[PDB]
Amino acid sequence: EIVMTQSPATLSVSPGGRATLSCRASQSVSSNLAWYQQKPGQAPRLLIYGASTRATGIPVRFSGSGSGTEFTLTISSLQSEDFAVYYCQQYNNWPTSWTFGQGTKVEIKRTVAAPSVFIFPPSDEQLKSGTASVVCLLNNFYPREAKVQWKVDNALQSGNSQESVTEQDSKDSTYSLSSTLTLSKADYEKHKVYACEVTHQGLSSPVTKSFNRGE
Amino acid sequence: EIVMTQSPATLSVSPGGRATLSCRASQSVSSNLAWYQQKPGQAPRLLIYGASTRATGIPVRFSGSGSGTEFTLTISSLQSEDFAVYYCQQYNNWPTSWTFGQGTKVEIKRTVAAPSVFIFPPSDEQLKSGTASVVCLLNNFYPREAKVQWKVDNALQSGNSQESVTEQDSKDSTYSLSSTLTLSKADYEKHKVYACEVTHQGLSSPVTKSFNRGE
Amino acid sequence: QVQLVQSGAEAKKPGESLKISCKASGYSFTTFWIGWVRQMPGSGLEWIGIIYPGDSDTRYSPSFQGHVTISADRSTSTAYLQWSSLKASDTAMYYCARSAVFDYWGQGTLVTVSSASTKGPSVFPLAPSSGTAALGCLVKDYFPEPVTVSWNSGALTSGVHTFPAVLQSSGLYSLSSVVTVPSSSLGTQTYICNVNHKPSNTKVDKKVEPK
Amino acid sequence: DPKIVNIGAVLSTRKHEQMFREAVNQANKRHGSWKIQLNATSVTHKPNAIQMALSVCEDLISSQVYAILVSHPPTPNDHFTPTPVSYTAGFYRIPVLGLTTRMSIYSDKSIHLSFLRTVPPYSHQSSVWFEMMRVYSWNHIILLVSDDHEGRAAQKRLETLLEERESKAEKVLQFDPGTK
């Protein structure tokens with residue numbers, strides 16, 4: 001029955017800077033704190049307990065401090081394969097309490113880049129099944145803010161395409177979105193001009209990779 | 001009067017690792033030093049002076065340390081824009097000495113790949129001048145270490161072939177190689193079979209491309 | 001040197017009862033305060049229960065008592081988690097940790113409680129012919145999550161991608177795995193994508209070939 | 001977990017053995033298991049005096065114990081076991097704990113170095129001699145005492161306490177030990 005406060009929310013440091021993550025209690029917990037890191041698609045790990053000690057096999061970049069309230073964790077020299085969601089938790093009346101926090105989320109900052117574009121038509125098995133789809137994908141750009149538009153028979157149509165954005169990669173911090181267009185066999189056969197439009201700051205002009213229906 | 005020893009001679013890292021270079025001091029050169037970056041075909045810049053202070057307008061990754069004995073800088077999380085030649089230089093008795101070094105060189109790392117081999121014969125225009133040139137082109141290979149051999153009527157030749165290697169492209173991090181064989185018409189008319197044989201770590205077998213005169 | 005392998009994925013309609021395992025190894029089992037935590041999609045983590053496997057002493061959260069009964073057994077160290085019944089609004093992922101400062105977490109075993117029925121994944125290859133090397137395998141409509149992909153039985157890790165799936169129009173989900181490689185190697189090395197949907201126990205291998 | 005302490009012990013009967021083990025388990029059920037994990041080993045009694053020192057050395061010190069426990073054997077011999085274990089573990093200044101041995105010589109940190117016990121010795125009950133006699137309107141003593149160390153210590157303690165009242169006993173005559 002101890003609420004937890006963790007701020008800020010979306011800290012963003014340059015890939016040599018530091019961090020000053022904070023986690024403030026609601027009462028006076030002397031030294032019963034622990035910090036956790038959770039990379040996407042994984043299970044978290046332990047890096048600090050007691051608000052000052054380090055676990056086993058943990059680099060020296062991490063260290064924490066604080067008591068009573070206003071607990072602080074300072075990442076020194078943020079490397080590249082950071083960018084995990086963090087958490088703070090306390091254990092005073094144990095085992096009864098086990099109250100977690102909400103935690104911040106780091107996000108490395110990079111230099112602007114330009115994406116490539118590739119496309120894929122149906123595979124003649126989906127076409128045989130009568131369900132067609134054409135997909136256009138990017139690779140290794142930044143930032144995520146970009147607009148992708150379709151062009152079917154030299155016409156912009158919507159309501160039949162879906163897009164997906166991964167998390168920042170752990171080696172160079174670059175998203176890579178994908179987009180898909182799905183239509184029936186007859187609807188695909190009604191036209192023969194297909195293209196994807198990509199608009200971003202990285203590339204000078206909206207390059208397009210059109211596909212001519214010729215089987 | 002003091003020789004600066006710079007080691008290693010050529011490093012190599014993945015896009016997101018770190019780096020650690022060395023400027024070996026032949027003497028106790030006080031606490032004065034510098035570290036210079038230079039990309040091909042450009043004027044170098046300044047990174048660190050006094051071995052510990054950062055020049056204004058330099059991103060936060062670069063940092064160094066040293067106390068008059070093999071000082072060292074560590075570029076942390078090498079991005080794509082980096083990886084050009086480096087230099088170390090001291091200044092103790094100035095103006096008297098101004099001794100530079102040799103400096104390391106950083107190149108990006110990538111998975112192995114195989115080259116594409118092409119052959120170009122004379123275009124009958126250069127042959128009209130009494131000179132023949134044969135071009136062997138190696139396209140999009142990795143790594144740089146590879147060997148190219150010329151066979152004139154299945155005979156090894158030396159001292160008549162020239163070689164050129166381009167610079168690591170920022171996109172796919174490969175190299176492109178050209179090898180030219182220049183000779184007079186007298187040697188050209190005495191032979192018919194020509195072969196260019198390549199051997200490379202990324203190739204299963206030494207692969208040869210051959211041609212015949214007047215075909 | 002401690003591993004806390006969990007059990008496979010599970011999906012079932014409301015009403016039935018569940019049973020999942022957290023079998024441990026590598027340490028004297030009857031000396032450490034095993035517990036459990038729960039994570040719903042995109043909110044964080046919360047605590048549910050804890051049990052000392054030497055006296056079967058147990059304790060529970062302020063509001064979890066009676067819904068789930070924790071257990072233990074000192075024959076293979078497997079610490080189960082008995083589910084009473086129903087609990088439709090319980091789609092989440094459940095972790096089992098070890099030592100009250102939790103250190104050695106295990107895998108994830110998502111429990112799905114819905115009203116629809118499981119459907120086998122539908123794979124689809126992609127044919128690359130452009131001069132720039134990039135290709136992948138597409139998983140069409142299927143239910144439910146999760147699903148795993150791997151190329152050449154995990155013989156290639158560099159450049160791999162795997163997007164988060166989404167429900168398009170019919171309560172099913174679609175995936176898309178893409179990967180790049182040197183261009184000259186397209187016609188000399190055989191590519192296979194391995195798909196294994198644990199709920200339906202489906203396992204297909206769509207081999208791809210140059211166009 | 002990587003830190004593992006090695007508290008030993010020396011008990012009387014095998015059954016108490018089991019008890020000891022369970023006890024230490026409680027000491028871990030409540031306190032933590034990260035920088036701790038107390039591990040308990042023990043031995044049982046022997047009658048060959050020097051065999052006590054030999055066994056305690058070879059067995060208990062070979063596992064780098066931190067604090068040995070000591071208790072009386074099932075058959076009484078007044079001193080018996082605390083003397084050998086006390087001397088041997090006092091070579092290395094490894095503190096030991098007593099559990100029953102309430103005899104007065106041990107409470108002298110010049111012939112036993114390191115020895116903490118958990119029952120007050122005979123001499124301390126001299127204080128009760130005073131308080132009771134202080135309340136029942138009595139001010140005269142003819143105390144007898146033995147000539148052994150126990151008697152000497154008890155009489156000195158009583159005299160030291162009593163002289164605070166600016167008073168003294170009448171006679172302190174002491175008989176020889178083992179007299180007929």
# chains A, B, ... in the order shown; residues from 1 in each chain; ligands from 1
>>> interface_residues(of="chain C", to="chain D", cutoff="8 Å", atoms="only C-alpha atoms", output="PDB file with N, CA, C and O atoms, in the first residue's frame")
ATOM      1  N   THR C  31      15.490 -23.514  -0.256  1.00  0.00           N
ATOM      2  CA  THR C  31      16.088 -22.463   0.552  1.00  0.00           C
ATOM      3  C   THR C  31      15.773 -21.054   0.058  1.00  0.00           C
ATOM      4  O   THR C  31      16.261 -20.091   0.657  1.00  0.00           O
ATOM      5  N   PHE C  32      14.964 -20.885  -0.986  1.00  0.00           N
ATOM      6  CA  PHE C  32      14.794 -19.575  -1.597  1.00  0.00           C
ATOM      7  C   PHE C  32      13.323 -19.262  -1.837  1.00  0.00           C
ATOM      8  O   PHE C  32      12.524 -20.143  -2.149  1.00  0.00           O
ATOM      9  N   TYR C  52       7.503 -19.868   0.178  1.00  0.00           N
ATOM     10  CA  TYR C  52       8.737 -20.507   0.612  1.00  0.00           C
ATOM     11  C   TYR C  52       8.562 -22.012   0.468  1.00  0.00           C
ATOM     12  O   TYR C  52       7.703 -22.586   1.150  1.00  0.00           O
ATOM     13  N   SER C  99      14.258 -14.601  -5.657  1.00  0.00           N
ATOM     14  CA  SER C  99      14.815 -14.437  -4.317  1.00  0.00           C
ATOM     15  C   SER C  99      14.414 -13.134  -3.646  1.00  0.00           C
ATOM     16  O   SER C  99      15.225 -12.500  -2.970  1.00  0.00           O
TER      17      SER C  99
END
>>> interface_residues(of="chain C", to="chain A", cutoff="9 Å", atoms="only C-alpha atoms", output="number ranges by chain")
C: 43-48, 50, 59-62, 95, 100-108, 124-128, 130, 132, 134-135, 161-166, 168, 176, 178
>>> write_last_selection(atoms="C-alpha atoms", output="PDB file, in the first residue's frame")
ATOM      1  CA  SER C  43       1.190  -0.949 -18.231  1.00  0.00           C
ATOM      2  CA  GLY C  44       4.083  -2.313 -16.181  1.00  0.00           C
ATOM      3  CA  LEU C  45       4.463  -5.040 -13.583  1.00  0.00           C
ATOM      4  CA  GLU C  46       2.595  -6.023 -10.425  1.00  0.00           C
ATOM      5  CA  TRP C  47       3.031  -8.638  -7.706  1.00  0.00           C
ATOM      6  CA  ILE C  48       0.636 -11.539  -7.076  1.00  0.00           C
ATOM      7  CA  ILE C  50       5.169 -15.624  -3.016  1.00  0.00           C
ATOM      8  CA  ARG C  59       1.206 -15.046   1.270  1.00  0.00           C
ATOM      9  CA  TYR C  60      -0.799 -13.088  -1.272  1.00  0.00           C
ATOM     10  CA  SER C  61      -1.343  -9.589  -2.592  1.00  0.00           C
ATOM     11  CA  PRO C  62      -3.836  -7.133  -1.061  1.00  0.00           C
ATOM     12  CA  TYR C  95       6.964 -14.343 -14.774  1.00  0.00           C
ATOM     13  CA  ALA C 100      12.603 -11.618  -3.022  1.00  0.00           C
ATOM     14  CA  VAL C 101      14.952  -9.054  -4.560  1.00  0.00           C
ATOM     15  CA  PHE C 102      13.987 -10.835  -7.684  1.00  0.00           C
ATOM     16  CA  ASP C 103      17.161 -11.848  -9.532  1.00  0.00           C
ATOM     17  CA  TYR C 104      16.902 -14.776 -11.925  1.00  0.00           C
ATOM     18  CA  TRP C 105      13.740 -14.408 -13.978  1.00  0.00           C
ATOM     19  CA  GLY C 106      12.539 -16.989 -16.456  1.00  0.00           C
ATOM     20  CA  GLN C 107      11.002 -16.970 -19.912  1.00  0.00           C
ATOM     21  CA  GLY C 108       7.535 -15.699 -20.798  1.00  0.00           C
ATOM     22  CA  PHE C 124       3.762 -16.887 -47.732  1.00  0.00           C
ATOM     23  CA  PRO C 125       7.163 -16.574 -49.451  1.00  0.00           C
ATOM     24  CA  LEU C 126       8.573 -13.555 -51.266  1.00  0.00           C
ATOM     25  CA  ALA C 127      10.420 -13.614 -54.594  1.00  0.00           C
ATOM     26  CA  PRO C 128      13.348 -11.169 -54.886  1.00  0.00           C
ATOM     27  CA  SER C 130      15.664  -6.321 -58.343  1.00  0.00           C
ATOM     28  CA  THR C 132      19.416  -5.205 -54.476  1.00  0.00           C
ATOM     29  CA  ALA C 134      16.264  -8.341 -49.735  1.00  0.00           C
ATOM     30  CA  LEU C 135      13.687 -11.069 -49.104  1.00  0.00           C
ATOM     31  CA  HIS C 161      13.806  -8.241 -38.769  1.00  0.00           C
ATOM     32  CA  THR C 162      10.450  -9.248 -37.304  1.00  0.00           C
ATOM     33  CA  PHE C 163       7.592  -6.780 -37.057  1.00  0.00           C
ATOM     34  CA  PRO C 164       4.886  -6.693 -34.384  1.00  0.00           C
ATOM     35  CA  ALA C 165       1.723  -8.289 -35.718  1.00  0.00           C
ATOM     36  CA  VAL C 166      -1.631  -6.504 -35.840  1.00  0.00           C
ATOM     37  CA  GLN C 168      -6.471  -6.285 -39.531  1.00  0.00           C
ATOM     38  CA  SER C 176       6.164 -10.178 -41.899  1.00  0.00           C
ATOM     39  CA  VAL C 178      12.398  -9.516 -43.838  1.00  0.00           C
TER      40      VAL C 178
END
>>> residues_around(residues="residue 151 (chain C)", least_positions_apart="3", cutoff="10 Å", atoms="only C-alpha atoms", output="list in words")
residues 136, 137, 154, 155, 156, 157, 160, 177, 179, 191, 192, 193, 194, 195 and 205 of chain C
>>> write_last_selection(atoms="N, CA, C and O atoms", output="compact mmCIF listing (two decimals), in the first residue's frame")
# COMPACT_ATOMS: atom_id res chain seq x y z
N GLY C 136 12.02 -12.12 -47.72
CA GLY C 136 11.46 -12.53 -46.44
C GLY C 136 10.29 -13.47 -46.61
O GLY C 136 9.92 -13.87 -47.72
N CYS C 137 9.71 -13.83 -45.46
CA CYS C 137 8.55 -14.70 -45.38
C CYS C 137 7.43 -13.97 -44.65
O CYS C 137 7.68 -13.28 -43.66
N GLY C 154 18.02 -20.92 -37.58
CA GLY C 154 18.86 -20.04 -36.79
C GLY C 154 20.32 -20.04 -37.18
O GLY C 154 21.19 -19.91 -36.30
N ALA C 155 20.62 -20.17 -38.46
CA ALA C 155 21.99 -20.09 -38.95
C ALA C 155 22.36 -18.70 -39.44
O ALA C 155 23.48 -18.50 -39.90
N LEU C 156 21.44 -17.73 -39.35
CA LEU C 156 21.68 -16.38 -39.83
C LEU C 156 20.97 -15.40 -38.92
O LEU C 156 19.73 -15.43 -38.83
N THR C 157 21.73 -14.54 -38.25
CA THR C 157 21.18 -13.59 -37.30
C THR C 157 21.34 -12.13 -37.71
O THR C 157 20.52 -11.30 -37.33
N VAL C 160 18.37 -9.59 -39.57
CA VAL C 160 17.02 -10.13 -39.46
C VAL C 160 16.09 -9.08 -38.87
O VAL C 160 16.49 -8.23 -38.06
N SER C 177 8.41 -11.09 -41.89
CA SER C 177 9.83 -11.16 -41.55
C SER C 177 10.65 -10.89 -42.80
O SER C 177 10.46 -11.56 -43.83
N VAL C 179 14.73 -9.75 -44.41
CA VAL C 179 16.16 -9.86 -44.15
C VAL C 179 16.91 -9.56 -45.44
O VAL C 179 16.40 -9.79 -46.55
N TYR C 191 17.56 -20.82 -48.84
CA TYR C 191 16.94 -20.09 -47.74
C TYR C 191 15.69 -20.81 -47.29
O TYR C 191 14.88 -21.24 -48.12
N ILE C 192 15.53 -20.95 -45.97
CA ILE C 192 14.32 -21.52 -45.39
C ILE C 192 13.93 -20.69 -44.17
O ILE C 192 14.79 -20.29 -43.37
N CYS C 193 12.64 -20.40 -44.04
CA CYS C 193 12.09 -19.73 -42.88
C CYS C 193 11.28 -20.73 -42.07
O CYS C 193 10.43 -21.43 -42.63
N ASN C 194 11.54 -20.79 -40.77
CA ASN C 194 10.89 -21.76 -39.89
C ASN C 194 9.84 -21.05 -39.06
O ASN C 194 10.14 -20.08 -38.36
N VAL C 195 8.60 -21.54 -39.13
CA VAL C 195 7.47 -20.96 -38.41
C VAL C 195 6.90 -22.03 -37.50
O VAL C 195 6.67 -23.17 -37.93
N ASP C 205 7.58 -24.91 -43.27
CA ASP C 205 8.85 -24.37 -43.74
C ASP C 205 8.70 -23.99 -45.21
O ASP C 205 8.78 -24.86 -46.09
>>> residues_around(residues="region 45-47 of chain D", least_positions_apart="5", cutoff="10 Å", atoms="only C-alpha atoms", output="count of residues only")
13
>>> residues_around(residues="residue 149 (chain D)", least_positions_apart="2", cutoff="8 Å", atoms="only C-alpha atoms", output="PyMOL selection string")
chain D and resi 104-105+147+151-153
>>> calpha_fit_rmsd(fixed="chain A", moving="chain B")
2.7 Å
>>> closest_residue(among="D:54, D:24, D:9, D:154", to="residue 128 (chain D)", atoms="only C-alpha atoms")
D:154
>>> closest_residue(among="D:7, D:124, D:31, D:44", to="chain A", atoms="only C-alpha atoms")
D:31
>>> interface_residues(of="chain A", to="chain B", cutoff="6 Å", atoms="only C-alpha atoms", output="CSV table (one decimal) with N, CA, C and O atoms, in the first residue's frame")
chain,number,residue,atom,x,y,z
A,16,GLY,N,26.7,9.7,-25.8
A,16,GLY,CA,27.8,9.7,-24.9
A,16,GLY,C,27.5,10.4,-23.6
A,16,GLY,O,28.4,10.6,-22.7
A,80,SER,N,25.6,2.2,-26.8
A,80,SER,CA,24.6,2.0,-27.9
A,80,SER,C,23.6,1.0,-27.5
A,80,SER,O,22.4,1.3,-27.8
A,171,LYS,N,21.9,-1.7,-32.4
A,171,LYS,CA,23.2,-1.4,-32.9
A,171,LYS,C,23.4,0.0,-33.4
A,171,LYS,O,24.5,0.6,-33.3
>>> select_by_dssp(residues="region 25-165 of chain B", states="strand (DSSP E)", output="PyMOL selection string")
chain B and resi 25+34-38+48-49+53-54+64-65+72-73+85-89+116-120+131-141+146-152+161-165
>>> write_last_selection(atoms="C-alpha atoms", output="tab-separated table (two decimals), in the first residue's frame")
chain	number	residue	atom	x	y	z
B	25	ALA	CA	55.55	8.46	-25.91
B	34	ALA	CA	46.37	16.61	-29.51
B	35	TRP	CA	44.17	14.26	-31.53
B	36	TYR	CA	43.17	14.91	-35.14
B	37	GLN	CA	40.53	13.37	-37.39
B	38	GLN	CA	40.71	13.48	-41.18
B	48	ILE	CA	41.23	17.13	-28.04
B	49	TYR	CA	44.02	19.45	-26.92
B	53	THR	CA	39.79	19.01	-22.87
B	54	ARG	CA	37.24	19.03	-25.69
B	64	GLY	CA	40.74	10.91	-23.93
B	65	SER	CA	43.18	10.48	-21.08
B	72	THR	CA	44.68	7.39	-25.18
B	73	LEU	CA	41.27	8.42	-26.51
B	85	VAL	CA	42.16	8.41	-40.49
B	86	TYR	CA	43.43	9.70	-37.14
B	87	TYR	CA	46.59	11.45	-35.99
B	88	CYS	CA	48.45	12.24	-32.79
B	89	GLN	CA	50.79	15.17	-32.32
B	116	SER	CA	31.55	-9.96	-59.22
B	117	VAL	CA	34.18	-10.38	-61.95
B	118	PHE	CA	34.10	-8.60	-65.31
B	119	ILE	CA	36.48	-8.35	-68.27
B	120	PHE	CA	36.78	-5.53	-70.82
B	131	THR	CA	48.45	-0.08	-77.69
B	132	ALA	CA	46.17	-2.64	-76.04
B	133	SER	CA	44.60	-2.46	-72.58
B	134	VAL	CA	42.66	-5.22	-70.80
B	135	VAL	CA	40.49	-4.39	-67.78
B	136	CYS	CA	39.57	-6.78	-64.96
B	137	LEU	CA	36.86	-5.41	-62.67
B	138	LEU	CA	36.08	-6.73	-59.19
B	139	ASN	CA	32.78	-5.36	-57.92
B	140	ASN	CA	31.28	-5.27	-54.42
B	141	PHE	CA	33.57	-7.55	-52.43
B	146	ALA	CA	42.32	-10.51	-52.42
B	147	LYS	CA	44.65	-11.45	-55.27
B	148	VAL	CA	44.31	-10.99	-59.03
B	149	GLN	CA	46.48	-12.74	-61.62
B	150	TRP	CA	46.94	-12.21	-65.36
B	151	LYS	CA	47.54	-15.18	-67.69
B	152	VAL	CA	48.74	-14.43	-71.22
B	161	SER	CA	49.60	-4.74	-64.58
B	162	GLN	CA	48.29	-1.86	-62.46
B	163	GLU	CA	45.75	-1.89	-59.64
B	164	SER	CA	43.30	0.61	-58.14
B	165	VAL	CA	41.10	0.32	-55.03
>>> residues_around(residues="residue 31 (chain B)", least_positions_apart="3", cutoff="8 Å", atoms="only C-alpha atoms", output="MDAnalysis selection string")
chainID B and resid 50:51 66:68
>>> select_by_dssp(residues="chain A", states="helix (DSSP H, G or I)", output="MDAnalysis selection string")
chainID A and resid 126:129 185:189
>>> write_last_selection(atoms="N, CA and C atoms", output="CSV table (one decimal), in the first residue's frame")
chain,number,residue,atom,x,y,z
A,126,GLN,N,-0.7,-17.1,-53.0
A,126,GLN,CA,-1.8,-16.2,-52.6
A,126,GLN,C,-2.7,-15.8,-53.7
A,127,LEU,N,-2.1,-15.6,-54.9
A,127,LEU,CA,-2.9,-15.3,-56.1
A,127,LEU,C,-3.8,-16.5,-56.5
A,128,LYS,N,-3.2,-17.7,-56.4
A,128,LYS,CA,-4.0,-18.9,-56.6
A,128,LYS,C,-5.2,-19.0,-55.6
A,129,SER,N,-4.9,-18.6,-54.4
A,129,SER,CA,-6.0,-18.6,-53.4
A,129,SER,C,-6.9,-17.4,-53.6
A,185,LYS,N,-8.3,-11.0,-55.8
A,185,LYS,CA,-7.7,-11.3,-57.1
A,185,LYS,C,-8.2,-10.5,-58.2
A,186,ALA,N,-9.5,-10.3,-58.3
A,186,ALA,CA,-10.1,-9.5,-59.3
A,186,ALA,C,-9.7,-8.0,-59.1
A,187,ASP,N,-9.7,-7.5,-57.9
A,187,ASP,CA,-9.4,-6.1,-57.6
A,187,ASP,C,-7.9,-5.9,-58.0
A,188,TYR,N,-7.0,-6.8,-57.7
A,188,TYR,CA,-5.7,-6.6,-58.2
A,188,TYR,C,-5.6,-6.7,-59.7
A,189,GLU,N,-6.3,-7.6,-60.4
A,189,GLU,CA,-6.3,-7.7,-61.8
A,189,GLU,C,-6.9,-6.5,-62.5
>>> residues_around(residues="residue 110 (chain B)", least_positions_apart="4", cutoff="9 Å", atoms="only C-alpha atoms", output="MDAnalysis selection string")
chainID B and resid 14:15 142:143 172:174
>>> write_last_selection(atoms="N, CA, C and O atoms", output="mmCIF file, in the first residue's frame")
data_model
loop_
_atom_site.group_PDB
_atom_site.id
_atom_site.type_symbol
_atom_site.label_atom_id
_atom_site.label_comp_id
_atom_site.auth_asym_id
_atom_site.auth_seq_id
_atom_site.Cartn_x
_atom_site.Cartn_y
_atom_site.Cartn_z
ATOM 1 N N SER B 14 32.673 -2.943 -35.273
ATOM 2 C CA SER B 14 31.302 -3.016 -35.746
ATOM 3 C C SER B 14 30.578 -1.716 -35.444
ATOM 4 O O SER B 14 30.914 -1.015 -34.488
ATOM 5 N N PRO B 15 29.563 -1.369 -36.226
ATOM 6 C CA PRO B 15 28.921 -0.062 -36.048
ATOM 7 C C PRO B 15 28.120 0.017 -34.764
ATOM 8 O O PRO B 15 26.899 -0.154 -34.771
ATOM 9 N N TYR B 142 34.222 -8.081 -50.175
ATOM 10 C CA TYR B 142 34.696 -7.834 -48.824
ATOM 11 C C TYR B 142 35.386 -9.095 -48.344
ATOM 12 O O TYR B 142 34.897 -10.194 -48.635
ATOM 13 N N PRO B 143 36.506 -8.992 -47.623
ATOM 14 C CA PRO B 143 37.234 -7.772 -47.267
ATOM 15 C C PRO B 143 38.247 -7.390 -48.338
ATOM 16 O O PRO B 143 38.238 -7.945 -49.434
ATOM 17 N N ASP B 172 27.041 0.140 -47.999
ATOM 18 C CA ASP B 172 27.182 -1.297 -47.823
ATOM 19 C C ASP B 172 28.572 -1.715 -47.368
ATOM 20 O O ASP B 172 28.785 -2.900 -47.093
ATOM 21 N N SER B 173 29.514 -0.781 -47.267
ATOM 22 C CA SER B 173 30.854 -1.032 -46.740
ATOM 23 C C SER B 173 31.552 -2.168 -47.488
ATOM 24 O O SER B 173 31.869 -3.218 -46.929
ATOM 25 N N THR B 174 31.785 -1.938 -48.779
ATOM 26 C CA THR B 174 32.571 -2.865 -49.583
ATOM 27 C C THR B 174 33.701 -2.126 -50.280
ATOM 28 O O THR B 174 33.963 -0.957 -49.984
#
>>> closest_residue(among="B:200, B:190, B:39, B:213", to="residue 107 (chain B)", atoms="only C-alpha atoms")
B:39
>>> closest_residue(among="A:56, A:6, A:184, A:74", to="chain D", atoms="only C-alpha atoms")
A:56
>>> closest_residue(among="A:157, A:212, A:168, A:93", to="chain D", atoms="only C-alpha atoms")
A:93
